[PDB]
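In what follows, a single structure is set out as structure tokens and then discussed.
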Amino acid sequence: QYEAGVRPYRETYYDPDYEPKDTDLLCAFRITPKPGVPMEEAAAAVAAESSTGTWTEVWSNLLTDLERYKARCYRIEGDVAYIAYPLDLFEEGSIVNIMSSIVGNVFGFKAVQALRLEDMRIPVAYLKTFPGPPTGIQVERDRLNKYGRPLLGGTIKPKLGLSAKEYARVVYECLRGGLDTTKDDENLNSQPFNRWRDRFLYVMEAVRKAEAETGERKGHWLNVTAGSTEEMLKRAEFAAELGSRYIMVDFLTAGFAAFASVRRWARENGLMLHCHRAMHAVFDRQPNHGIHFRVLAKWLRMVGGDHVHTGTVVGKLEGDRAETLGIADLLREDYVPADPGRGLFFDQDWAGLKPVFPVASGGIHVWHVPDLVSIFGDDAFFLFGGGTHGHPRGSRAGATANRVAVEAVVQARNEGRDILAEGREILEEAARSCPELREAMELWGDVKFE
Amino acid sequence: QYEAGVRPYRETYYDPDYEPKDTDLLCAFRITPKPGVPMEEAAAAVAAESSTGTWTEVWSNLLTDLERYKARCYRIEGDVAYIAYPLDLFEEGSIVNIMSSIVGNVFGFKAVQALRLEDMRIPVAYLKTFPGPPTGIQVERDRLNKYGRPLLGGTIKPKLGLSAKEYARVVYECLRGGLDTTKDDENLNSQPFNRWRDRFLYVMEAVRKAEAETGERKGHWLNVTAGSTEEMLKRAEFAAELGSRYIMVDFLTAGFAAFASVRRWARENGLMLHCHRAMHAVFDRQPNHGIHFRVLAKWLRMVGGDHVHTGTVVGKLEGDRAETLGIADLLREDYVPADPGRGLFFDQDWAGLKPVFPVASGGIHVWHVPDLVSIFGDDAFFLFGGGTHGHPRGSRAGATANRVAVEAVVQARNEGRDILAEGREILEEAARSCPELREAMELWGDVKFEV
Amino acid sequence: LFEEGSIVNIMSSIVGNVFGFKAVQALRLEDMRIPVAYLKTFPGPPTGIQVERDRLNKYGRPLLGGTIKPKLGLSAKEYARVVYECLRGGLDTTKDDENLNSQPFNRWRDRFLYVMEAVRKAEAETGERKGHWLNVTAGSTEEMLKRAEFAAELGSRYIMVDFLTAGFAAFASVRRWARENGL
Amino acid sequence: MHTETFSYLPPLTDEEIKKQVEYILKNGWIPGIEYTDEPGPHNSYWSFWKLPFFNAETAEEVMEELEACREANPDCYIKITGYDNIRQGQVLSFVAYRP
Amino acid sequence: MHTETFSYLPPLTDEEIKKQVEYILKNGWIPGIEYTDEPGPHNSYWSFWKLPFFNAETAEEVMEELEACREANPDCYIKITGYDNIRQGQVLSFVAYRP
Amino acid sequence: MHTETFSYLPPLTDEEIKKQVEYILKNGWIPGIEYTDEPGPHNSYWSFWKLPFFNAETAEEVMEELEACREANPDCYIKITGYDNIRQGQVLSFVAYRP
Amino acid sequence: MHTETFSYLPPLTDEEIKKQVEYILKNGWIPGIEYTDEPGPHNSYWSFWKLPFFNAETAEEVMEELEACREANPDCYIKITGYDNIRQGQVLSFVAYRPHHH
Ligand SMILES: O=C(O)[C@@](O)(COP(=O)(O)O)[C@H](O)[C@H](O)COP(=O)(O)O
Ligand SMILES: O=C(O)[C@@](O)(COP(=O)(O)O)[C@H](O)[C@H](O)COP(=O)(O)O
Ligand SMILES: [Mg+2]
Ligand SMILES: [Mg+2]
Ligand SMILES: [Mg+2]
């Protein structure tokens with residue numbers, strides 16, 4: 005009663021005459037087929053097994069309208085396949101569903117030996133089913149009363165091992181020395197040497213004390229990351245009871261469903277949400293396989309994070325300058341045109357969703373500030389962990405050095421100076437009035453990353 | 005008051021004199037250093053930046069006991085660095101915490117061009133802080149009243165696009181034809197063409213009907229995967245209201261914190277929990293960089309899944325025979341000795357945690373059944389999606405073919421026949437009493453994947 | 093053989109029936125080695141010595157306390173007068189007697205209210221942080237948690253429980269509640 | 001009415017049944033016999049014929065008990081079980097006689 | 001008392017303040033002047049000096065208003081603001097005069 | 001205003017202070033100095049004088065820093081601390097100078 | 001026992017049934033045949049007679065399958081269905097044969 009048997013995926017799932025609709029979700033995949041498998045069949049397999057298809061024809065295909073629902077590869081350029089997915093394929097508001105289709109099984113087929121999702125065009129009609137950041141850059145700056153410069157932060161170190169009381173001592177020194185924020189390390193959750201309730205309590209004493217002493221509003225990114233959603237929400241509740249402006253979630257290790265739970269809680273309780281991308285380099289680093297960070301950044305803005313780490317380019321963790329410029333635009337602008345020089349494969353309209361602060365962190369110190377300001381502009385956080393507490397005179401002096409560095413470079417940029425050409429000179433000028441900065445420059449002047 | 009400045013990581017975090025404790029968590033990392041960076045320094049960077057250290061010395065290091073708390077690379081062998089993490093570094097019962105340390109930042113360092121987490125030794129004292137499977141193999145067989153053979157299942161197809169009522173018609177035909185279970189596709193959650201409440205309602209009518217008509221207990225793995233934890237629990241609650249024995253979660257795409265929430269809810273509400281590993285190959289496909297599935301499988305058993313997919317070896321998705329045998333032992337046994345030939349760098353004692361069903365699924369059909377029984381033994385689910393609905397006479401006939409093939413091979417094995425040497429003959433003998441199997445064999449006899 | 097995190101289970105096996113056998117005329121449990129893997133299933137103290145010294149801001153000496161006397165019979169207001177005199181004289185803490193719970197001459201809500209006025213007053217006057225070990229011991233777990241909740245509402249740093257007379261299952265309930273409520 | 005393992009194969013002969021009993025014994029598991037006139041999915045607890053045969057040494061001894069159970073209960077379904085006390089679970093169960 | 005952007009640098013000269021106003025104007029943003037005797041972190045709404053200078057064409061016009069605000073309110077902190085109506089957000093704010 | 005350990009004894013002389021510093025050093029703990037003009041029970045975080053003296057080898061070195069802190073902050077209370085990094089906690093804290 | 005569409009009309013002749021099959025086919029819908037001995041309102045899933053006739057081109061083809069179903073299942077109610085895969089819904093369903101005990 006039907007034609008049973010195996011068919012080529014290309015027959016149904018490759019259609020080079022197809023014109024994408026503005027409601028389609030588009031994927032750019034870089035494909036390494038198994039030897040002898042042509043790009044068209046490899047791309048069709050990806051399209052089929054992320055949408056409606058399987059490995060042999062089934063009688064029940066005839067009970068629905070596969071021409072309407074199927075994903076289809078509609079263009080191949082070299083090793084890049086462009087695949088269009090109809091809007092109807094996706095659950096509204098669910099990044100979990102996007103991943104379960106687009107990256108669910110298709111990275112593990114014998115027929116495709118490597119696969120990298122380079123970019124995705126999320127259509128406006130799907131974006132509007134997401135709430136975006138619970139706060140967003142502009143409201144966050146209003147809540148902080150801070151305008152006109154990058155914001156300063158810093159991870160407390162050692163990563164693990166400090167008691168709650170001494171942990172908050174480090175927070176107090178940093179914040180009172182001029183950092184706007186401090187943060188728990190991504191792996192500091194609740195442990196025998198530092199239990200979360202003790203930490204939250206003492207840290208918030210230190211935040212309030214530094215705010216009173218400096219006159220500037222302060223925050224600490226209290227890490228609510230935990231083993232279950234309920235436990236994360238319990239930790240968030242205590243942060244709100246203490247009047248923290250902030251909580252923090254490791255959105256990939258906790259995972260997207262728990263992250264969405266925490267975003268809703270943050271919005272309803274008036275807390276801003278720092279997002280740490282722990283685990284991302286497991287699969288966003290190699291050029292032949294995984295998911296490029298720019299796709300993760302899009303998903304992050306959709307669920308709703310107020311900030312996400314984007315790399316530094318110049319510090320201890322890998323990051324490409326051109327790609328990072330594109331990611332910063334994806335996180336902050338209303339509309340981002342395609343740009344092959346930045347690996348932006350598609351135009352991205354953001355449908356009015358609020359913007360996310362890029363966060364530059366990891367192995368950076370005062371000498372990187374001209375580069376960081378040049379790359380990111382004002383709407384970013386620059387975090388100095390080792391680069392604060394590793395100051396020869398400790399964390400208050402280190403914080404002051406970093407705050408002065410950022411302000412001196414902003415001032416110079418606003419006056420019209422080329423902060424890349426004059427970066428060292430601007431720092432040297434500022435160090436004439438700031439011995440903390442002079443000492444930081446001397447300590448780390450030989451410390452460069454490729 | 006202290007010696008500020010940058011020191012090589014190896015000064016503090018490389019200690020080949022260190023002897024691992026029974027309470028340490030151990031990792032085996034395959035490291036490709038940046039050219040010019042010695043293996044010792046690359047391994048110490050990984051050790052430092054997944055535990056206590058950073059890129060420059062800090063005054064506050066002296067306020068704690070880094071000798072007690074630091075991770076230490078204690079052995080480098082070829083391209084593998086062995087790193088020991090003290091028990092105190094970890095949050096009890098939290099896979100999320102394990103990941104945030106072990107795989108949080110270290111895969112992105114400029115100093116290490118590629119990094120592959122091959123295995124980790126979870127210490128018994130830490131394992132006891134985890135609940136394990138909500139049901140586990142033995143209790144699940146008791147709940148199903150099924151003993152002595154692999155269990156049969158199958159994903160409904162097309163993956164997406166069937167209405168709820170016709171989706172349930174396919175479920176009904178499969179279950180009444182002899183599959184023990186059926187499942188939602190991993191990407192079928194709630195969508196315009198098939199909304200989850202409609203699907204759950206009709207599917208459970210079909211499950212009850214097939215159970216009553218066959219006399220055998222049935223289940224459908226109702227996918228509760230959703231955008232938020234609260235939504236997943238709402239879907240689980242409805243499945244329990246409907247008397248489903250099962251729900252399903254995509255534990256990696258939902259993520260480990262929401263997975264733990266679903267495990268607790270499933271346990272408290274009497275549901276068994278199928279775990280689909282969607283997204284795993286994003287992390288685990290390449291041999292030079294990422295996390296091998298065996299590590300994800302350990303974490304799965306700890307949080308508590310009743311089944312997880314393990315690969316077929318012989319089907320459409322990649323999976324090596326030796327590594328799959330290692331993963332099956334990790335999921336099912338009380339104690340698993342090391343064997344680097346299977347990628348098991350450490351011995352793993354499971355501290356009494358319940359076992360997980362391996363699930364073999366993807367591109368398999370009746371001709372694979374002798375190999376599947378040989379690889380997995382009785383304690384596995386074999387899933388036939390296309391291999392059921394793609395039968396020339398449809399899903400009931402396909403289900404019967406698959407059930408007969410499994411039973412015939414189990415029978416022959418138990419009698420002492422060599423099911424590899426005689427696999428074809430066993431199937432041919434069974435097909436003389438089972439036209440459905442004969443037709444499945446004719447249809448797919450030329451369909452093979454490389455192994 | 094043991095249920096994770098349950099002292100009650102340990103007791104029910106180890107000391108459940110074996111002390112009453114005719115075959116064994118006397119039996120004394122001297123010690124037990126709790127294995128590390130089982131210990132990790134228990135949370136331990138809600139605060140512990142180091143965090144408690146941090147909360148008190150007290151370092152380098154034994155801490156001072158004292159049970160209010162007579163054990164029973166003082167009104168709530170005069171009970172708190174004795175607390176005030178003790179704390180303002182240099183004790184770090186004071187405590188309810190173990191058998192002072194809620195009784196006709198001194199009901200727990202009255203005592204908790206007045207005692208915390210005295211604690212705050214002595215703290216303000218001496219400049220040193222003070223506490224009173226408000227006894228939440230009661231006939232049922234729910235009643236104990238109700239008393240703990242009021243102590244937290246009043247900003248007490250402490251509550252007290254008679255862990256053997258209340259019993260280990262209710263003690264675990266109070267430990268969890270104390271931890272979650274900052275006591 | 002299907003009866004779980006081997007129900008989709010032709011009914012087992014005495015010699016086929018005996019080979020499954022030999023498999024149970026070879027693996028060191030405990031053979032047992034259970035019977036019922038209510039075999040449906042509501043029933044987790046068929047009637048025991050005697051106790052599980054902890055002391056059985058040969059498949060022939062089990063086969064004799066199967067014949068005795070059938071003579072006493074010819075109106076019942078009768079199943080052979082095999083129990084593994086190390087996993088605390090049944091490891092094989094199939095119907096040997098249908099009324 | 002620190003006053004947010006540029007508070008960790010030496011107090012700005014009039015020439016330095018004018019350059020920041022020139023930056024506000026070059027970017028198409030709206031310069032404004034606010035003042036208060038309560039500059040602490042509780043205070044989100046300093047007093048406006050007139051309205052935001054929507055019509056200002058030159059930095060010199062803004063500096064004249066700053067001097068006039070300084071002369072009327074020499075006991076107050078005085079800040080320069082720059083507003084971007086396209087993002088609906090302040091894009092630069094710093095104290096130009098401290099009492 | 002009492003100041004916790006030794007506050008109920010007569011104020012310590014320099015020689016008595018030095019003996020407590022010797023006790024801190026003898027036990028391998030880290031001496032530190034903190035000061036404040038707000039010593040009451042609301043304040044968990046007095047101002048650090050420099051950093052904890054991780055590198056101190058003699059009680060005389062600590063006593064010299066105490067004299068320097070007092071010369072710089074004669075209007076403050078000044079306390080000697082001793083920190084044990086193995087317990088991650090302070091093990092002795094007392095006031096050495098009152099304004 | 002009423003049987004939904006056309007149940008309130010006189011039981012259909014074979015010629016009347018065939019006209020309804022011709023209507024299903026004319027509209028490009030998929031004819032099907034289902035049967036049961038439990039037709040009441042609890043039953044959403046009658047037994048399929050084969051699969052839906054995806055390849056049927058003539059009403060006579062379907063009528064032959066109806067007769068074959070009735071001969072094999074004379075104790076059963078037998079209904080004709082029409083399915084529209086573009087709406088993913090059944091568009092016509094009616095009983096063509098009732099057993100003698102009706
Ligand atoms: O754990 C760490 O190494 C850090 O605290 C940096 O410490 P330092 O400031 O002392 O370098 C941050 O988590 C990384 O920057 C995250 O990497 P990314 O931002 O690329 O996600
Ligand atoms: O979507 C699919 O392809 C499947 O439904 C198989 O369908 P078929 O039965 O028709 O092949 C399963 O999800 C895969 O087996 C999962 O891969 P794995 O088990 O390796 O995680
Ligand atoms: Mg970190
Ligand atoms: Mg699937
Ligand atoms: Mg007493």
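Chains as they are written, first to last, in the deposited numbering: chain A, 5 to 454; chain B, 5 to 455; chain B', 93 to 275; chain F, 1 to 99; chain E, 1 to 99; chain F', 1 to 99; chain G, 1 to 102. A prime marks a further copy of an entry chain. Even for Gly, the Cβ is constructed at its ideal location relative to N, Cα and C.
I need the straight-line Cα distance from residue i to residue j, nearest angstrom please.
i: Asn55 of chain F'; j: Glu61 of chain B; result: 15 Å
i: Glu272 of chain A; j: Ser265 of chain A; result: 11 Å
i: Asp123 of chain A; j: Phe111 of chain A; result: 15 Å
i: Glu217 of chain A; j: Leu164 of chain A; result: 28 Å
i: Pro127 of chain B'; j: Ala51 of chain A; result: 54 Å
i: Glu38 of chain F'; j: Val62 of chain E; result: 44 Å
i: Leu155 of chain A; j: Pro10 of chain E; result: 19 Å
i: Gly247 of chain A; j: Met208 of chain A; result: 8 Å
i: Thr5 of chain E; j: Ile86 of chain E; result: 22 Å
Note the first and the last residue of the continuous alpha helix (DSSP H) segment covering residue i.
i: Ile106 of chain B'; result: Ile99 to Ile106
i: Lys238 of chain A; result: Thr233 to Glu245
i: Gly391 of chain A; result: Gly390 to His393
Under the rule that 16 or more other beta-carbon atoms within 10 Å means buried, what is residue i, buried or exposed?
i: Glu419 of chain B; result: exposed
i: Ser105 of chain B; result: buried
i: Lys19 of chain F'; result: exposed
i: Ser93 of chain F'; result: buried
i: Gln117 of chain B'; result: exposed
The beta strand (DSSP E) that contains residue i, what's its start and end?
i: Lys50 of chain E; result: Premise fails: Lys50 of chain E is in no beta strand (DSSP E) and is neither H nor E.
i: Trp303 of chain A; result: Premise fails: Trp303 of chain A lies in the alpha helix (DSSP H), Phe297 to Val307, not in any beta strand (DSSP E).
i: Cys279 of chain A; result: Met276 to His280
Near residue i, what residues of its chain come up, given a Cβ to Cβ distance below 7 Å and the 5 sequence neighbours on each side ignored?
i: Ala261 of chain B; result: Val100
By the three-class DSSP mapping on this structure, what secondary structure does residue i have?
i: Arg79 of chain B; result: strand
i: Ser64 of chain B; result: helix
i: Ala32 of chain B; result: strand
i: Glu122 of chain A; result: strand
i: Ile379 of chain A; result: helix
Residues in the same chain with beta-carbon distance under 6 Å from residue i, minus the five sequence neighbours each way, listed in chain order, please.
i: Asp351 of chain B; result: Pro341 and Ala342
i: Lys222 of chain A; result: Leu179, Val211, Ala214 and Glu215
Spatial neighbours of residue i within its chain, please: CB distance less than 8 Å, with the 5 preceding and 5 following residues excluded, ordered by chain position.
i: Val377 of chain A; result: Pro154, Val410, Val413, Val414, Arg417 and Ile423
i: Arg76 of chain B; result: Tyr17, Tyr18, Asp19, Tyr22, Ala51, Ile87 and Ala88
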